[PDB]
């Protein structure tokens, strides 16, 4: 019932996944296990989330019960910023493999086109914004392509099935495609009605790159983190346009928000934090949005970005 998308790498990827950001370490295992019982097979993780051991526990618990086999589970992870230097990429990936308790990860993405100064895993892990010098941000001169080549070698070694990037603007993706031997199979970016970036989506899809949307519910995820920008933003759940469309099809605003992406070939990985939401978030492909629906939703676009490195240390990624 959950459609798969064939990636450029030849591997299938579930179009609907389970987000693991802000998934508390204490109950992450149980929640992953429950998600698997509810039918989820793709888990979107990241070294930065610091809960890869638990995610690992959940998957293993499901495997040991005979519910699923490793091959039916799609595990996504992401190379954090301090590990872009080629000599540290495998180190970081091994940490991920060890925590997840697997021989390979299905998708490994460059979390951000940002290279923080390397911080040994034994000193702090996950490092987050720590760059080895108090509260100061420190960067290292590592071109993206260098990192990508290190990733390509790890695909050859069998440690990763497919590789991709996250938070890459068009200019940067274009350039990477110029020096890439294995084409980035996935582009994962913030995508919701307030930040539609239709041209980036079009370019990427036409390039054979698969889009995975994050923060499909817009400001919600950031409101939970008390971010001022998200708090000041009218929610998509209560937006007149989203509610009217939801009423038109007798669906929920959340379902419309996920379908809006799904119907255009974009993969989603909503964060489900309630049993009810677990079900709702994988049962929205029960209707089709019309051309007029898309045009109405299109008006919501205002280039409002919630996940922006500009906010951390004026990193010009999206300027």
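Residue numbers count along the first chain shown, from 1.
Look at the C-alpha B-factors of 245-253 and of 230-238. On average they run higher in 245-253. For the pair 131-139 and 77-85, the mean Cα B-factor is higher in 131-139. Taking only the listed residues 111, 149, 95, 191, the entry reports the highest CA temperature factor at 149. If you compare the C-alpha temperature factors of 32, 46, 269, 68 in the entry, 68 comes out highest. Residue 296: CA B factor in the highest third of modelled residues in this chain (values from the PDB entry). Per the deposited record, the Cα B-factor of residue 175 falls in the lowest third when ranked against the other modelled residues of its chain. Among all modelled residues in this chain, the alpha-carbon of residue 315 has a temperature factor (C-alpha) in the lowest third.
Ranked by Cα temperature factor within the chain, residue 15 sits in the middle third according to the deposited record. Compared with the other modelled residues of the chain, the Cα B-factor recorded for residue 153 ranks in the highest third.
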